[PDB]
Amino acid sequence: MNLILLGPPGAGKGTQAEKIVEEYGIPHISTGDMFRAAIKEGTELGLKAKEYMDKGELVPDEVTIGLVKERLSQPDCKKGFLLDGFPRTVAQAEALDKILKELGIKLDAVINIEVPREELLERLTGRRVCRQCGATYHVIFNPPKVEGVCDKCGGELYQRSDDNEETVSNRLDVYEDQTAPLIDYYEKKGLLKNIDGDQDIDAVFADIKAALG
């Protein structure tokens, strides 16, 4: 299974990705997670990417494409993968098609998670993420079993530096301007399936599973 999840920030892509990659035993490839790891490590790349991220702007295309090319070239991607947060622009989608061609890989499905914009702010400002493994929770919609602690690794949960109201507004605007047009790009391939993300987490997952089956 070679899969892309599409949808606005806050739609539930990372949450569903965790469930999907457990179901299929494939890697979860998230460009945001790569950037956040770089920031945690204090790398030059991370520190520079953070400047864009904290403004709610996209990190530039070529650097992001190169990270994904390198990641998809690893042996653990030969038997499937899930892209979550890439592509974000038409240039990235075209570049991904070229990467996949070079690797001899064909996409199987593109899942577009639809959620009304009005739901997204509270999902995002209440999001809490694990420092050590990147697992995603929500203060009320999907809490950890123990407050402030990751269920998987025991790591501390935190609020991302971009999950504040001002920055959210800009991220949603960027999504509508740059990223929403990708729905048409993947519709043309005959791979796109739309999912109602305005449901509880397990109902959304059920619908994704049904669509992929």
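When you see a residue number, it is the position in the sequence shown, counting from 1.
| message | Mean CA temperature factor from the deposited coordinates, higher in 48 to 56 or in 142 to 150? | response | Taking the mean B-factor of the alpha carbons in each, 142 to 150 is higher.
| Entry-level comparison of average CA B-factors, 73 to 81 and 97 to 105, reporting the higher stretch | Stretch with the higher mean C-alpha B-factor: 73 to 81.
| Between 123, 117, 128, 88, which one tops the list for C-alpha B-factor in the PDB entry? | So the option with the highest C-alpha B-factor is 117.
| request: Looking at the entry's B-factor column for C-alpha atoms only, identify whether residue 39 ranks in the lowest, middle or highest third of its chain. | output: Tercile = lowest for this residue's CA B-factor.
| request: Classify residue 192 as lowest, middle or highest third according to the C-alpha B-factor given in the PDB entry, relative to its own chain. | output: Highest third.
| message | Could you place residue 112 in the lowest, middle or highest third of its chain by Cα temperature factor, using the values in the record? | response | It belongs to the middle third of the chain when residues are ordered by C-alpha B-factor.
| According to the PDB entry, is the CA B factor of residue 11 in the bottom, middle or top third of its chain, that is, lowest, middle or highest? | It falls in the bottom third of the chain.
| said: Quick check on the deposited entry: does the C-alpha B-factor of residue 33 sit in the lowest, middle or highest third of its chain? | reply: Lowest third.
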